[PDB]
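Next comes just one chain, in structure tokens: the form deposited in one PDB entry.
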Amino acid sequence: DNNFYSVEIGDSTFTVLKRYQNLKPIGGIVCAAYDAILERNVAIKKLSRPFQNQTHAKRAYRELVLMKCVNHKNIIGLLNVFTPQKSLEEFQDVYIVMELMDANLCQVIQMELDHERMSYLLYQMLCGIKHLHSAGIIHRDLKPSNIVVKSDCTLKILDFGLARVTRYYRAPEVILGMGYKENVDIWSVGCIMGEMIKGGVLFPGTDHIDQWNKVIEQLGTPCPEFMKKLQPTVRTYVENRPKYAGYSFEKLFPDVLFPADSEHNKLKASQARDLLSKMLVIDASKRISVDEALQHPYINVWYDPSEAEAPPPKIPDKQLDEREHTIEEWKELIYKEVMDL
């Protein structure tokens, strides 16, 4: 109706409330817009027919519910949700309006970051992860493309991760289809931290096979104890791989990558390499926890003991049960969530 207008963005038609002006593409398809009612710049993400299949529906429903009930400084905040369509029968598209950030982490990694900026970004990432974990959300797919930053280096996680290709940041547990726990997300933090330091992707696998080879080449063949945690067919392949010693963390992250002009910087190089050695651990049973990572002397300098801890998200009733639905049930669930019914 007259409340909405249409603008062409890439291959997509954006039909948005008239409050949202001067849509520009960034990086669903996502636009920056000026919200004339808030008088602030916003991001608008279009979900096209999210109910059309159960996989898209589950992810879209979960994203709507979680972005609404989650309220944390390091998780992207919901401003608005709308559909241009007037009824359940005509319902097609969902628009999620969120806080506009300046860049994704991929852009920030290409800058010549010091210990101050790196440790501050990693502290915020770990804070965001700790909050998701407290809500029973284990992400499993954290990467530079789903973390955003403002020019003052404030950081926010964009989405809530996997149900239940760029695979550079996926933990061995994810790569090899293993059991996982909360510290699956520590691997991603380690990959990003290492990349910030080295200026290149740590494990740049071209496919699933190459991804595993890049990890074991750098870090070494994992212990026999780890091999017993694999599915039989996966265990055979992994054990059949050539043996690798890997490299010491001093050889993975040499001193020349860090400033060495003071005791402070010499200490920060040591602390950075120590935390890396504890996060980039193939065997999750020997890998640092998020709590331990936050308490690490590289990271804990950013902890303010006066800051009120955000309580766990109150996910209404159990509308995030892990139950499957028909396409028609998903459509009505998503529509109700958009309309507030």
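Definition used throughout: the rigid core is the maximal C-alpha set that superposes within 1.5 Å between two forms. Residue numbers run from 1 along the displayed sequence.
*asked:* Quick check on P297: across the other compared entries (only those modelling residues on both sides), is it unmodelled in a third or more?
replied: Result for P297: never missing in the compared entries.
*Among the other PDB entries compared that flank it on both sides, is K318 unmodelled in a third or more?*
It is, since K318 is left out of at least a third of the other entries that model both flanking stretches.
*Relative to the deposited sequence, how many residues with no modelled coordinates occur between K243 and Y244 (none, 1 to 3, 4 to 9, 10 or more)?*
Unresolved stretch here: none.
*asked:* Unmodelled residues of the deposited sequence between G27 and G28: none, 1 to 3, 4 to 9, or 10 or more?
replied: In the record, 4 to 9 residues between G27 and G28 lack coordinates.
*If you average the CA temperature factors over each stretch, which comes out higher, 300 to 308 or 274 to 282?*
According to the PDB entry, the answer is 300 to 308.
*For the higher mean C-alpha B factor in the entry, choose 253 to 261 or 141 to 149.*
That would be 253 to 261.
_Given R167, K268, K73, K181, identify the residue with the highest C-alpha B factor in the PDB entry._
Of the candidates given, the C-alpha B-factor peaks at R167.
*From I192, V94, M125, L162, which pick has the Cα B-factor that tops the rest in the entry?*
It is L162.
*asked:* Lowest, middle or highest third: which one holds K156 when the chain's residues are ordered by CA B-factor from the entry?
replied: Its C-alpha B-factor belongs to the lowest third of this chain's values.
*asked:* Considering every modelled residue of the chain and its Cα B-factor in the PDB entry, is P232 in the lowest, middle or highest third?
replied: Within its chain, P232 is a highest-third residue by C-alpha B-factor, going by the deposited values.
*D114 by Cα B-factor - lowest, middle or highest third of the modelled chain*: As the PDB entry reports it, the C-alpha B-factor of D114 lands in the highest third of its chain.
_Going by the CA temperature factor in the PDB record, which third of the chain does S188 belong to: lowest, middle or highest?_
Lowest third of the chain for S188's C-alpha B-factor.
*Consider only the C-alpha atoms of the modelled residues in this chain, order them by B-factor as the entry records it, and name the third containing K130: lowest, middle or highest.*
Its C-alpha B-factor belongs to the lowest third of this chain's values.
Keep in mind that the form deposited with a partner chain bound is missing from the display, and what follows is about it.
*asked:* Considering non-hydrogen atoms and a 4.5 Å limit, does its partner chain approach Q107 in the bound PDB entry?
replied: The answer is yes: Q107 has a heavy atom within 4.5 Å of its partner chain.
*asked:* With the partner left out here, check for me: in the bound PDB entry, does some heavy atom of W302 sit within 4.5 Å of its partner chain?
replied: Yes, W302 sits close enough to its partner chain in the bound PDB entry that at least one of its heavy atoms falls within 4.5 Å.
_If we define contact as a non-hydrogen atom of the residue within 4.5 angstroms of the partner, is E116 a contact of its partner chain in the bound PDB entry?_
Within the cut-off, so yes.
*At the 4.5 Å heavy atom threshold, is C153 in contact with its partner chain in the bound PDB entry?*
So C153 counts as contacting its partner chain.
*What stretch, of 75 to 83, 144 to 152, 186 to 194, 247 to 255, brings heavy atoms to within 4.5 Å of its partner chain in the bound PDB entry?*
Careful reading of the contacts points to 144 to 152.
*The unique member of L88, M98, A103, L219 whose heavy atoms fall within 4.5 Å of its partner chain in the bound PDB entry*: If I apply the 4.5 Å criterion carefully, the residue I get is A103.
*Looking at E307, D283, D274, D291, which is the one with a non-hydrogen atom within 4.5 Å of its partner chain in the bound PDB entry?*
If I apply the 4.5 Å criterion carefully, the residue I get is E307.
*Considering only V42, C69, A310, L294, which residue exhibits a C-alpha shift of no less than 2 Å between this form and the one not shown, with the rigid core used for superposition?*
Shifted by 2 Å or more: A310 only.
*Could you tell me whether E307 and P144 have their C-alpha atoms closer or farther apart in the bound PDB entry than in the shown form, knowing the shift is 3 angstroms or more?*
Relative to the shown form, the pair is closer.
_Quick one: with a 3 Å or larger change, is the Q319 to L79 CA distance smaller or larger in the bound PDB entry? Answer closer or farther._
Their C-alpha distance grows by at least 3 Å in the bound PDB entry.
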